[PDB]
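Heads up, the thing below is written out as structure tokens.
Basis: the model, the stated rules and, where named, an outside source; no laboratory instrument gave them. Counting neighbours? That spans all protein chains shown, and the Cβs are built from the backbone with ideal geometry, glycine included.
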Amino acid sequence: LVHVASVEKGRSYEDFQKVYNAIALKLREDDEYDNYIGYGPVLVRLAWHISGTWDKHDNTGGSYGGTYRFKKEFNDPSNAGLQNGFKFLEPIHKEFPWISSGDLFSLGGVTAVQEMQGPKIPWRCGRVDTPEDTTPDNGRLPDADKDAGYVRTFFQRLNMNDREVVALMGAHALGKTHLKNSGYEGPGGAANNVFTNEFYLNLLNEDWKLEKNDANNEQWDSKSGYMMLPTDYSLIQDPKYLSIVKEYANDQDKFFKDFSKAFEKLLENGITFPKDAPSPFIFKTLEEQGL
Ligand code: HEM
């Protein structure tokens with residue numbers, strides 16, 4: 001496969017900035033979801049799961065085809081609970097029927113991060129919806145019950161190196177695990193709908209204790225009321241990952257700069273951009289626009 005980026009016919013910066021402004025305004029408004037966490041967390045988890053099925057060996061999966069729209073990928077056990085992020089974005093697609101699915105799912109994520117006071121993520125348009133038979137089979141997204149060797153081996157299929165994996169995993173400060181979705185339960189820190197380096201600081205400063213939960217799975221619990229997945233706790237069991245964790249815990253700007261770069265890379269894997277194509281867009285936030 002080659003998947004060439006094709007701009008939605010006739011659209012420019014300002015059209016895209018209007019879909020962003022509309023996702024951000026609905027984030028403002030539906031602020032009660034998940035005990036007042038808001039939809040920002042489930043929207044960045046949707047943008048990483050439509051991108052994470054990519055395989056570098058044969059160019060299949062990835063954000064291009066918008067294939068989550070199909071039953072097979074939608075009903076994937078690893079995608080439980082994302083139906084909420086889909087439902088949120090659905091009125092927005094009716095308001096802007098020209099944007100592709102891959103471009104909408106992926107800009108949902110960019111919008112959520114920047115509105116949650118995260119860094120600016122450059123975003124590129126051009127994904128083209130592809131047929132139901134391009135839909136990747138289930139089982140390409142990662143297990144939580146595993147160690148640092150699995151994490152490193154997994155992220156190599158998406159060719160992410162160590163620093164990229166540690167920066168990408170800093171998004172687990174956001175939101176929470178939920179027992180009926182994934183067999184895991186609990187939040188990862190205090191500020192779970194603001195984007196900060198809190199995940200690293202909690203991983204280095206809490207007294208974590210291994211316990212089984214109501215699903216019969218293990219997780220790392222702390223006195224404070226927080227949890228960490230086995231795969232999250234892996235980042236301090238590996239000496240290479242641990243020097244990176246410490247760096248971000250001492251420097252939130254360096255974390256913002258590396259998350260920005262790696263999140264964009266994750267959203268654009270498997271896509272070729274012609275150089276006639278527009279430069280990546282930097283969208284303004286509501287606040288920046290006085291809205
Ligand atoms: C080895 C890697 C990863 C594993 C095993 C993993 C697994 C999980 C699991 C089990 C949950 C809880 C789902 C639920 O019950 O609702 C979760 C939540 C979440 N994940 Fe990951 N994750 C990984 C990587 C990432 C990456 C790379 C990102 C983002 C760039 C990410 C973002 C999120 C977000 C934002 C949530 C919170 C969702 C919510 O509040 O509903 N994850 N993760």
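Quick grid of which residues meet (1) touching a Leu at 6+ places or on another chain (Cβ under 6 Å); (2) farther than 25 Å from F154 by Cα:
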site: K26; (1), (2): no, yes
site: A47; (1), (2): no, no
site: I50; (1), (2): no, no
site: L82; (1), (2): yes, no
site: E90; (1), (2): no, yes
site: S101; (1), (2): no, yes
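Among the residues in region 122-138, are any out of contact with any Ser or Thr (no Cβ under 8 Å at 6 or more places or on another chain), assigned by CATH to the domain that holds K18, within 16 Å of the ligand (Cβ to nearest atom) and in a helix (DSSP H, G or I)? Among the residues of region 122-138, not one is out of contact with any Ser or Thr (no Cβ under 8 Å at 6 or more places or on another chain), assigned by CATH to the domain that holds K18, within 16 Å of the ligand (Cβ to nearest atom) and in a helix (DSSP H, G or I), which makes the answer no. Taken over region 168-189, the residue count meeting the criterion of being in contact with a helix residue (DSSP H, G or I) (Cβ under 7 Å, 6 or more places away or on another chain) and more than 9 Å from the ligand (Cβ to nearest atom) is 1.
Residue count for region 80-118 satisfying the condition of being in contact (Cβ under 8 Å) with a residue 12 or more places away in the chain, of a type in the set (S, T, N, Q) and surrounded by fewer than 20 Cβ atoms within 10 Å (Cβ to Cβ): 2. In region 1-55, counting only helices (runs of 4 or more DSSP H) that sit wholly within it, the ones holding 3 or more residues that are over 13 Å from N84 (Cα atoms) span 13-29, 40-51. Screening region 190-209 for residues that are more than 13 Å from the ligand (Cβ to nearest atom) and among the polar types (S, T, N, Q) and picking the one that is nearest to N35 (Cα to Cα) gives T196. Listed by position, the helices (runs of 4 or more DSSP H) enclosed by region 167-241 that each have at least 1 residues that are touching a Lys or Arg at 6+ places or on another chain (Cβ under 9 Å) and not assigned by CATH to the domain that holds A112 are 198-205, 230-237.
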